[PDB]
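One chain comes next, on its own, written as structure tokens: the form deposited in one PDB entry.
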């Protein structure tokens, strides 16, 4: 299989996945496919963001890592001292991705470590392990590109998290300020007489219980929908749901 074919298999995933975000679980599968490796994609603190494992599944310690969704803290710290691609690491080296207590299985194994960088900083690590053959230039071309793309994706996720929490705050503030005082009260009555932050609403039944007009209730919900703090499909009954769960607390302030 040509390097060009291997890169195309990875790029096809990157170009055609659904949603805005690449799923690193998928990336791990594809990297494993084109390099015939055991693959970990881990965060800075060792959370397993994706894995694609074969021979490593034999090891009971590895099985436990998958359950905990974390590599050991010791290995985590070791990876963070690797600041350059280091390849063809053997089983008696502490950077090996194989369990030393299963040395006999992995006597000829090779590990390569690819730091994941973005925004000029270390965002995680991509680790590849083979039971037999050495890694070559093709493997490093694939791995370093993959690590770069994973870094881009983490950087995007991190920025979009920061942006979203800033823009949520503003949207909630705009929403709240667009309600009349009566409407603020109606919303309080609506979510009190709902099982929390969402559920099925019968406006008439709530209006009659708290002694207000359905019109005010309908108006307030319409305002919140257009503001985008709640979703609500209008089928007897109306399901409503708060998107920004910082809303109700802010509303009472």
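So that the term is clear: the rigid core is the largest set of C-alpha atoms that superpose within 1.5 Å between two forms. Numbering follows the first chain given and starts at 1.
Missing here is the form deposited in another entry; even so, the following discussion is about that form.
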Core fit, then residue 56 C-alpha moves 2 Å or more between this form and the one not shown: yes
Core superposition between this form and the one not shown, C-alpha change of residue 144 at least 2 Å: no
Superposing on the rigid core, I want to see if residue 174 changes position between this form and the one not shown - specifically a Cα shift of 2 Å or more. yes
So the CA-CA distance for residue 60 and residue 116 moves by at least 3 angstroms in that other deposited form. Closer or farther than here? farther
Shift in CA distance, residue 55 and residue 94, in that other deposited form relative to the form shown here, given it is 3 Å or more: farther
